[PDB]
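Chains as they are written, first to last, in this note's numbering: chain A, 15 to 164; chain B, 15 to 164; chain C, 15 to 164; chain D, 15 to 164; chain E, 15 to 164. Have a look at the structure below, then the notes.
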Amino acid sequence: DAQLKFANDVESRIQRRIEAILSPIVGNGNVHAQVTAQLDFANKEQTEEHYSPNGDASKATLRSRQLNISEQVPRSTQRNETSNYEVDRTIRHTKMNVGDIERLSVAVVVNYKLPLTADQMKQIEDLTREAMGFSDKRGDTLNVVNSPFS
Amino acid sequence: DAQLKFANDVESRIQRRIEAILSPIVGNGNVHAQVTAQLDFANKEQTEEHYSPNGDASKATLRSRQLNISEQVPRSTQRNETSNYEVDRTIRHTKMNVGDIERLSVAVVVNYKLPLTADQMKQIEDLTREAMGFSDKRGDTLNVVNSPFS
Amino acid sequence: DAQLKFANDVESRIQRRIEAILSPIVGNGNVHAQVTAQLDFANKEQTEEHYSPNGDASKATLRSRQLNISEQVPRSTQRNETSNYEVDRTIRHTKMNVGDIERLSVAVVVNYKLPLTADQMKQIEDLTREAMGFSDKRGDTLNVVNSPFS
Amino acid sequence: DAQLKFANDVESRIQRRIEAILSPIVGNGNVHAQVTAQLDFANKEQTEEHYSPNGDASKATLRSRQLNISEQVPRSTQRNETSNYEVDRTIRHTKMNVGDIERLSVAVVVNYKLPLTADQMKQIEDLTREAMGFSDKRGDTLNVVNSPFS
Amino acid sequence: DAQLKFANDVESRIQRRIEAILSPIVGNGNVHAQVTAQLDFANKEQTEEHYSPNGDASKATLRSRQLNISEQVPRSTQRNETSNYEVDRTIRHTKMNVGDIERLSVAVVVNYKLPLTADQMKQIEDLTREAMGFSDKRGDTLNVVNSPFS
């Protein structure tokens, strides 16, 4: 129902931003872009519970203790040891948001003026990458191609 | 719904600030910038509970104790020791805010006047970095390019 | 919602103060500054509980005691010792404030008059640092650059 | 909300005081100052509980006692000793105030008349330090610079 | 809120007193002073509980006693001794006042007439110190400087 409208709005934002940043370099209307946004709407909760290790005796936190030591001499021995500890704790209750951007894909066409060089193409690709909100974490994809218009 | 409007407002703030600081150096309208803000809306709580180590006998905090020591002479021995401790404690209840900036990305175009030199470009990049609120913690990204306008 | 307005007010205060202190040295309007304030709105509590160490017998605080000592002569021995202590205590309930400044970033442009020397630039940087409320604890950043206006 | 107004009032007080003390020496309006006050609004309580040491037998406060001593002659011995003490105590309930000054930073410009000498500059710095309410505990910072006005 | 007004009143009192005592010596209006009062508003209670030592047998206060002594002759012996004491006690409930002066700082300028000598300066400093309510306990600070007026 409304999910399509929300996705369309996000795509329109990113498209107008890319065109508005790249227009002053190449011209008024010699560039077009279309973006496809993979939105996620799955309601999601979470509850971590982290404990810091207290195995090493250097920073254990003893609340109690009992250390009995017998020794006879045929060197019989004995060593009992009860220990009650205290432990750190961290608890988060993260309730994710419905409507985030999980992945993007952008295709941009640039006009001749007649080929545009390689350095200018690379810097234009870089401007677009930075204007998208690019992130190699989400697996985003970009491809800018140069071909004469008609 | 409103998340897009809030993000648009934040982006507009940062954009107008960058342009207003960089305009007096390069000219009235010979620079443009577009920023993409990755906002986070996930409701999040937290509860730490930290304990200071009292393993070392130099600063333990004994509440009780009982130290029995027998010894016969065939040097039989014995050593019992019960200890009850007291421990420090820290407890925080951090309820994060919904609407913070998790990551930024800024693309800026500067005009010729005809190339601008390298030192001026570097100081302009540095001004922009400082005016953004840049932070290598959040993974922010900046790229300023110089190309003739049309 | 209102967080942007509060941040804008804080930034306006710091900006007007920096410009008002630096204007009489360099001129009426030959300087501009823009500041970006990283505000924190996360509601936060805390509860410390500190205990002073009473391990050393020089300043323990005994409430009770029982020290039995037997000895026979084959020098058999015995030594029992029960001890009940009293301990210091400190308890704070710190409820942090929502709306503090976690980090600042300031960019300032100064006009030619034609380069300004190095000593004057250093003292101007120092005036700005002192007028900000600078603090190397919060990780604040400052950068003042000199470039001709237009 | 109102925290900014309170901070502005405190800063105005300190600024007018510094200017009013330093004006009669250097002139009517040949000095300006701007101060940045780091105020603290975190609600804070506290509860100490101090105990004076009674380990040394020179000033213990015995409420009871029981000292049994047997001895046979093969010099067998015995010594039991129960002791009940009384201890001093101090208890404070300090509820800190919301709105104190945690740190200050002052920047002052003085006019030529043409350089002002070093001794006069040092005594002016000292007057300002004393008029601020300076304190090396809070980490306050002062810097007075001399530069011709325009 | 009102704390600033109370502090201003205290400062005005001390300032008018210092000027009124120092005026008849140096002249009608050839001296100015400005004081900065560090007031404390933290609500504070207290409860001491002091016990006088009764370890020494010279002034113990026995309520009961039981001293058994056996002796056989191989000189076997025995000595049991139970003692119940009575102890002094002092209890204060000090509820501090909100609005006391924790620290002062005074800066005074005196006019030429042309330097004023060292003895007169020292006695003027001493008059000011005595008129303040000076106290090396609170860490108060005074500095009087002589410079020509304009």
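Backbone N, C-alpha and C fix where the C-beta goes; we use that ideal spot for every residue, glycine too.
Could you work out which residue in the options is closest to residue i when comparing CA atoms only?
| i | options | result |
| --- | --- | --- |
| residue 157(D) | 47(D), 16(D), 113(D) | 47(D) |
| residue 111(B) | 43(B), 58(B), 154(B) | 58(B) |
| residue 19(A) | 51(A), 37(A), 39(A) | 51(A) |
| residue 135(E) | 21(E), 160(E), 164(E), 72(E) | 160(E) |
| residue 41(D) | 124(D), 150(D), 132(D) | 124(D) |
| residue 39(B) | 105(C), 121(C), 109(C) | 121(C) |
State the Cα-Cα distance for the pair residue i and residue j, rounded to the nearest angstrom.
| i | j | result |
| --- | --- | --- |
| residue 145(E) | residue 49(E) | 12 Å |
| residue 107(A) | residue 61(B) | 10 Å |
| residue 76(E) | residue 78(D) | 10 Å |
| residue 116(E) | residue 34(E) | 24 Å |
| residue 94(B) | residue 96(E) | 29 Å |
| residue 148(A) | residue 67(A) | 37 Å |
| residue 103(D) | residue 100(C) | 10 Å |
| residue 155(C) | residue 152(B) | 16 Å |
| residue 138(D) | residue 55(D) | 33 Å |
| residue 85(D) | residue 92(C) | 15 Å |
| residue 119(B) | residue 163(A) | 30 Å |
| residue 126(A) | residue 26(C) | 46 Å |
| residue 143(A) | residue 113(B) | 24 Å |
| residue 140(E) | residue 64(E) | 40 Å |
| residue 37(A) | residue 23(B) | 22 Å |
| residue 43(C) | residue 53(B) | 36 Å |
| residue 87(D) | residue 89(E) | 6 Å |
| residue 71(C) | residue 80(C) | 15 Å |
| residue 131(B) | residue 31(A) | 28 Å |
| residue 83(E) | residue 98(B) | 38 Å |
| residue 17(C) | residue 133(D) | 48 Å |
| residue 150(C) | residue 105(C) | 29 Å |
| residue 29(D) | residue 73(C) | 49 Å |
| residue 4(D) | residue 128(D) | Since the displayed chain D opens at 15 and closes at 164, residue 4(D) lies outside it and no answer follows. |
| residue 15(C) | residue 15(B) | 14 Å |
| residue 21(E) | residue 21(D) | 15 Å |
| residue 69(D) | residue 109(C) | 38 Å |
Quick check on residue i: does DSSP put it in helix, strand or coil?
| i | result |
| --- | --- |
| residue 155(A) | strand |
| residue 21(E) | helix |
| residue 16(A) | coil |
Could you list which residues in chain B have their beta carbon closer than 9 Å to that of residue i, in chain order?
| i | result |
| --- | --- |
| residue 126(C) | Going along chain B, no residue has its Cβ under 9 Å from residue 126(C), so there is no contact; the nearest lies around 11 Å. |
| residue 88(C) | 86, 87 |
| residue 145(A) | 48, 49, 50, 119, 120, 121 |
Check the Cβ of residue i against every Cβ in chain B and list those closer than 8 Å, keeping chain order.
| i | result |
| --- | --- |
| residue 18(C) | 23, 24, 27 |
| residue 149(C) | Those within 8 Å of residue 149(C) in chain B number zero; the least Cβ separation is about 16 Å. |
| residue 137(A) | 159, 161 |
I want to verify the contact list: residues of chain C whose CB lies under 9 Å from the CB of residue i, in sequence order.
| i | result |
| --- | --- |
| residue 71(D) | Result: empty, since nearest Cβ-Cβ is about 11 Å, beyond 9 Å. |
| residue 97(D) | 76, 78, 79, 80, 81 |
| residue 140(B) | 121, 157, 159 |
In chain B, which residues lie with their C-beta within 7 Å of the C-beta of residue i?
| i | result |
| --- | --- |
| residue 163(C) | 38 |
| residue 134(C) | Per Cβ cutoff of 7 Å: no residues; residue 134(C) is ~18 Å from chain B at best. |
| residue 100(A) | 65, 101 |
With a threshold of 6 Å, establish whether the CB of residue i neighbours any heavy atom of the ligand COA.
| i | result |
| --- | --- |
| residue 115(C) | Within the structure as shown, the ligand COA is missing, as the structure has no ligands at all. |
In chain E, which residues lie less than 7 Å from residue i when you measure between Cβ atoms?
| i | result |
| --- | --- |
| residue 109(D) | 56, 57 |
Determine the chain C residues that contact residue i at a beta-carbon separation under 8 Å, and present them in chain order.
| i | result |
| --- | --- |
| residue 15(B) | Near residue 15(B) there are no residues of chain C at all, since even the closest Cβ is about 14 Å away, more than 8 Å. |
Since residue i meets chain D, which of its residues come closer than 8 Å, beta carbon to beta carbon?
| i | result |
| --- | --- |
| residue 131(E) | In chain order: nothing, as chain D lies at least about 18 Å away. |
| residue 62(E) | 102, 103, 104 |
Residues of chain A with CB under 7 Å from residue i, in chain order?
| i | result |
| --- | --- |
| residue 93(B) | 83 |
(request) Note down, one range per segment and in chain order, each beta strand (DSSP E) of at least 3 residues found wholly within the region 39 to 118 of chain A. (result) 45 to 54, 62 to 64, 76 to 85, 91 to 99, 103 to 106
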